[PDB]
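Below is one structure; the comments refer to it alone.
What follows draws every value from the coordinates through simple rules; no lab data is involved. No Cβ is skipped: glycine too gets one built from the backbone with ideal geometry, and neighbour counts run over all protein chains shown.
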Amino acid sequence: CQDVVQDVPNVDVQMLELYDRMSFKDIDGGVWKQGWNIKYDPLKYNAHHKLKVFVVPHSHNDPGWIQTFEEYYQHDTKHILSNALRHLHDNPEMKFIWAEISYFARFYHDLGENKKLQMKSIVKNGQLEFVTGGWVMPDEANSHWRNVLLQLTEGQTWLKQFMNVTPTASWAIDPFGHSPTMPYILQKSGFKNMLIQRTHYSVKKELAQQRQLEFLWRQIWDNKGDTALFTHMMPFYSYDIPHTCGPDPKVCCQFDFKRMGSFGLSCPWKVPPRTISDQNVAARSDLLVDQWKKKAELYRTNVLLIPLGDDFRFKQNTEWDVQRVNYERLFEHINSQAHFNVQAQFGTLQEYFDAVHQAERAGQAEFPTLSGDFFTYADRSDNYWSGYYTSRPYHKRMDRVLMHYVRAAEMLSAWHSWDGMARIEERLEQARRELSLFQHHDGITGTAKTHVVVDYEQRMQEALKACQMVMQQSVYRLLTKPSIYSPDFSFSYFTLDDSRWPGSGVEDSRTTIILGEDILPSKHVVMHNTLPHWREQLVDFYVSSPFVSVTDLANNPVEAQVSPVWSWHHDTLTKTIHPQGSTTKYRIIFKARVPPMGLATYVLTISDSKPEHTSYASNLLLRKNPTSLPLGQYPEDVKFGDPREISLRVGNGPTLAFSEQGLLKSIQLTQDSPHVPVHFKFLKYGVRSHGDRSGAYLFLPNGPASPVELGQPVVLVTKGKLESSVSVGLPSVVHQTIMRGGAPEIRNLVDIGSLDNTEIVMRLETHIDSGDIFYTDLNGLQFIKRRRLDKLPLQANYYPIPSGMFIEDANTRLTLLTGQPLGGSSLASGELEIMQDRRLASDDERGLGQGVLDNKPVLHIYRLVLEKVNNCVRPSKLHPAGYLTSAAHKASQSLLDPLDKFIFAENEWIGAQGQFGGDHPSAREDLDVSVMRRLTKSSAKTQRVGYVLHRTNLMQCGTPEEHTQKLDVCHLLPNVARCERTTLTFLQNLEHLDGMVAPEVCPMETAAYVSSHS
Ligand SMILES: *[C@@H]1O[C@H](CO)[C@@H](O)[C@H](O)[C@H]1NC(C)=O
Ligand SMILES: O[C@H]1[C@H]2[C@H](O)CCCN2C[C@H]1O
Ligand SMILES: [Zn+2]
């Protein structure tokens, strides 16, 4: 295994280093506005060394943006694909590349058998080529690597089954900034090449000048370079035709033959395209070839890529003709005019890359190595696209919830083979596809029109229900005596109970377990643990009585705590935000212990009086002019008082101190240690009254944030033996700090209401001497070092915070883990800040056609980990990466993959069992079974189950961390006949494993295995 901590990789280009040196001056470079006047030696090419040009026709189809997926399909895409089939069929030399499989699958299944055959033939012969082959072209900032893999797998699995092809070249022309998580996944999925486009205009200029636009992209910690994937970065402002033929859009626009008038399109540079004729072909070619040769100067080989397309292009037959015919005339002339020394033709992406590597092998070019990412993107001036790191936060959070539900549903149902009548495969396919769809660069990004966002939400809602159905059916089968098991595949044996989604104050959705002497004395509940190690976690349920006790299936009592059900309300009368307690519903909390990838059953029983093993939390409402707060049967009376600072400590965990406004002020790790200053504060950013305005994509603040006026907020303090908390009703946010014995959990019920042109940020202020350094994660896969650059505007220093961020000095580190992707930064030494929501009245001119005024209450969740790191073995000062500690990693897992909770629906569960998976191996803490998916239906003689294993890297800080079993996923199911290592998509077998044993992976490595069972 490579050491991912102590060996600083030696690369030609390291993005953090490059950023440190670059000046980012935005000067007018001429026709190529953000570059310079490219010059070339005409004698460079000749009869013995020609420029090979590949014109690659394409059509960018968004699975939703300003129209829904179905609206686009009906109005544009089905016509684009229908005419592509016809035109390619009739013109053997014409080529076309396709990226979005969600659309292709929709189209193909609607085609008649005759057409399906014609389609398969033009793919087999190389005319129609799939690039990437994912369900969508995913966002690369907010997306979790697990979902990036899910959607890629969904698309490629379809392609393998119906088109008999697996793309090895990736095409990503629209994501707003690019992440190394892509080559990581692609390189481990059989890919050999990838192309990207949206990178900072300053980076394009810098790399172009050094001819480093094509490079071997390796991971920041990869010293050997085995993760390297050849990458081609386009050099210009856009992927449209005016910005793909060469440096001058005024000239290139003249070669987009769909802009002559009848199509309602034109050239903004005032020079329209002209139909090619024998009369003007020589002059037209001279102009075009000149653009090509200038573009060619930015690269190292004699093979040139020239994309030919735009949004939803190649729809009308007339369009296919006008583009094909005119280009055929140009090719015939150019290729027959020796003085040009050029050979041009229509080609595919793979054809381009094959030629490039042929030139490389011929020894005509050597490519530079590179590590780092391409965030934060800016397409011009100071317009940095850090706004979408936060836009539509409700759905960003929903993404993480569904991500987990999909994993849990696939894993729970993978243990058994199911009869087709159970509709298991059906529901899981729907769930995977709706989640995959949302990974689109206009989905999770929060950059779609209001009604499209609604469509995505509806789709995810159906996916969640599908997951629940599969999960509950699975639990019933796994925990019921076999000879008693009698399933009704349409029946709900269990109801999922989720305390954090949609969340309290967002939607009263969770059911109350109703118990009573005259109706029902007890109720069974079951917890599921998708993680491959034994896990304990507090779980809570709503009950109709405070007099409830918990026991496991062995009838062993389990210590529990009951607390009231508090709901915050904006009192329109008193103009105050205060909590009201329920007099009929209560929360019971207890510690559940679940086997690795297993289940554990408990029983809740009601009694006439306070049970022996159940304690009751005290409650203190701090505020002036208080009013009574009755709580029905609740044992203890609420106490009141004027606002004041308070301190709390649960178990032997840390001691937290709060201000009289209910905000964190300090953290004391141990009774000995000091009170480390850690202050939470809420501020607000505005919008500029002059110039460019912030929108769904752009973050253009009118200066540093201003503190939110808090007034005299109402603070609620709940103190319990197992869980305590401090909640405060602030303007736009009910802020809550929950303690259970370890790092606190933070929950924000964010309702920006009608505060137009406002962006709410949550900031942490400390004494940590971090300087200008901070760390953020990329797709929940790795942590990359960031350097605040004062030479860049505030918005440029904002980065994606998909799952976590941290700052540290020689001795102390503060890590904030998230349960949803949001935007954030460290604008000053010792600070961390992350945006909660943003409401913008104006459009930011990128095509959306609207601002963001559809905000809705969302419950954001976090874990705040303060730790001493002076004893940790960390990377040298020059290493571009950072790594989490065991505590921080486990805290992240508690947010993204918590225990699942099931409530038995009927009055009695006959044949109930108390546990499943007690014999499952408990793997080392840095290892996870990211995916467990049965790949075969019940009719298959040889069953196959696929596993994706990921091992992260945790810092060694002196903790022994011992006794853990080796995890061999190939033996998780009985009767294993073979074990094979496969690509992450499970589509290609890479190794036949002896002894049928799947070995664990190295730190920061991800592998996939498929076990076959007879
Ligand atoms: C799939 O493509 C491969 C090319 O390697 C070919 O050998 C095989 O026969 C094809 N299978 C079909 C008919 O889909
Ligand atoms: O995705 C749509 C849009 C993005 O939302 C912002 C950049 C320009 N893009 C072109 C469209 O495909
Ligand atoms: Zn797009």
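Gain on full extension, evaluated as 0.36 nm per residue between residue 1014 and residue 250 minus their Cα-Cα distance, stands at 268.5 nm.
Choose one of 405, 435, 971: the residue whose Cα lies farthest towards the positive end of the charge dipole of the chain (beta-carbon charges +1 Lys, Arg; -1 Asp, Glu; about the Cα centre). After comparing all options, I get 435. Pull out a ≥ b ≥ c, the square roots of the eigenvalues of the alpha-carbon gyration tensor of the stretch 905-1013, then state rounded if a/c is under 1.5, prolate if not and a/b is larger than b/c, and oblate in the remaining case. Oblate, because a/c is 1.5 or more while a/b does not exceed b/c. Here the residues 244, 601, 670, ranked from fewest to most Cβ neighbours within 10 Å of their Cβ, fall in the order 670, 601, 244. Rounded to the nearest 0.05, the FRET efficiency derived from the C-beta distance between residue 361 and residue 593 at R0 = 60 Å is 0.55. With each label modelled as a point 7 angstrom along the Cα→C-beta vector, the residue 345-residue 966 pair spans 5.3 nm. Full extension of the segment from residue 772 to residue 993, taken as 0.36 nm per residue of separation minus the current Cα-Cα distance, would add 74.8 nm. Phi angles of the stretch 809-818 translate, via the Karplus equation with coefficients 6.51, -1.76, 1.60 and θ = phi - 60°, into HN-Hα couplings of 10, 5, 10, 10, 9, 10, 10, 10, 9, 10 Hz per residue; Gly and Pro are given as x. With neighbour counts taken as other beta-carbon atoms within 10 Å, the residues 214, 833 rank, fewest first, as 833, 214.
For the stretch 394-401, putting each phi into the Karplus relation 6.51 cos²θ - 1.76 cosθ + 1.60 with θ = phi - 60° gives couplings of 4, 6, 5, 6, 4, 4, 5, 5 Hz, in residue order, rounded to whole numbers and with x for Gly and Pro. Taking θ as phi - 60° and the Karplus parameters 6.51, -1.76 and 1.60, the scalar couplings of the stretch 154-159 work out to 4, x, 5, 5, 5, 4 Hz in sequence order, x denoting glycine and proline. When both the stretch 133-147 and the stretch 246-285 are represented by their alpha-carbon centers, they are found 35 Å apart. What FRET efficiency comes out for the pair residue 683/residue 905, r = Cβ-Cβ distance, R0 = 41 Å, nearest 0.05? Approximately 0.35, to the nearest 0.05. Shown here for the stretch 834-907: trypsin sites (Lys or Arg not before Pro) in loop regions (DSSP other than H, G, I, E, B) with at most 12 other Cβ atoms within 10 Å, namely 877. Within the straight-line cut-off of under 16 Å between alpha carbons, the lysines reachable from residue 877 are 785, sequence neighbours fewer than 8 places apart in one chain being disregarded. For residue 311, the amide hydrogen comes within under 5 Å of the amide hydrogens of 60, counting only partners 5 or more places away or on other chains and with H modelled in the peptide plane. Residues 135, 909 in ascending order of nearby Cβ atoms (within 10 Å, fewest first): 909, 135. Of all DSSP beta bridges located in the chain, what percent are antiparallel, nearest 5? Percentage antiparallel, nearest 5: 80. Each peptide in 950-960, 641-651 gets a packing score, the mean of other Cβ atoms within 10 Å over its residues, and the list from highest to lowest is 950-960, 641-651. With a ≥ b ≥ c taken as the square roots of the eigenvalues of the C-alpha gyration tensor of the stretch 618-897, please select rounded if a/c is under 1.5 and otherwise prolate if a/b is larger than b/c or oblate if it is not? Here the stretch 618-897 falls in the oblate category. The stretch 735-768 and the stretch 98-132 have Cα centres lying 48 Å from one another. Treating r as the C-beta distance of residue 937 and residue 238 and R0 as 51 Å, the FRET efficiency rounds to 0.70. Close amide-amide hydrogen proximity is noted between residue 1004 and 951, 952, 953, each under 5 Å apart and 5 or more residues distant or on a separate chain (H modeled in the peptide plane; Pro and chain starts excluded).
Put simply, the amide H of residue 733, placed in the peptide plane, has neighbours under 5 Å in 751, leaving out anything fewer than 5 places away on its chain.
Projected over every direction and averaged, the convex hull enclosing the alpha-carbon atoms of the chain yields 41.4 nm². Site pair residue 47 and residue 7 shows an inter-label distance of 5.1 nm when each label is modelled 7 Å from Cα along Cα→Cβ. By the helix-only formula, in which each DSSP H run with n ≥ 4 contributes -39500 (n - 2.57) and the sum is divided by residues, the chain has a 222 nm mean residue ellipticity of -6500 deg cm²/dmol.
Label separation (residue 508 vs residue 325): 6.8 nm, computed from points 7 Å beyond Cα along the C-beta direction. For residue 517, project a label point 7 Å along Cα to C-beta. Then give me every residue of the stretch 535-552 with its amide nitrogen under 17 Å of that point. Taking a point 7 Å out along Cα→Cβ of residue 517, the residues of the stretch 535-552 whose backbone N falls under 17 Å are 544-549. Judged by a Cβ-Cβ distance under 4.7 Å, the unpaired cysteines of the chain are 467. When the square roots of the Cα gyration tensor eigenvalues are ordered a ≥ b ≥ c, the ratio a/c for the stretch 382-492 is 1.5 or more and a/b exceeds b/c, which makes its shape prolate.
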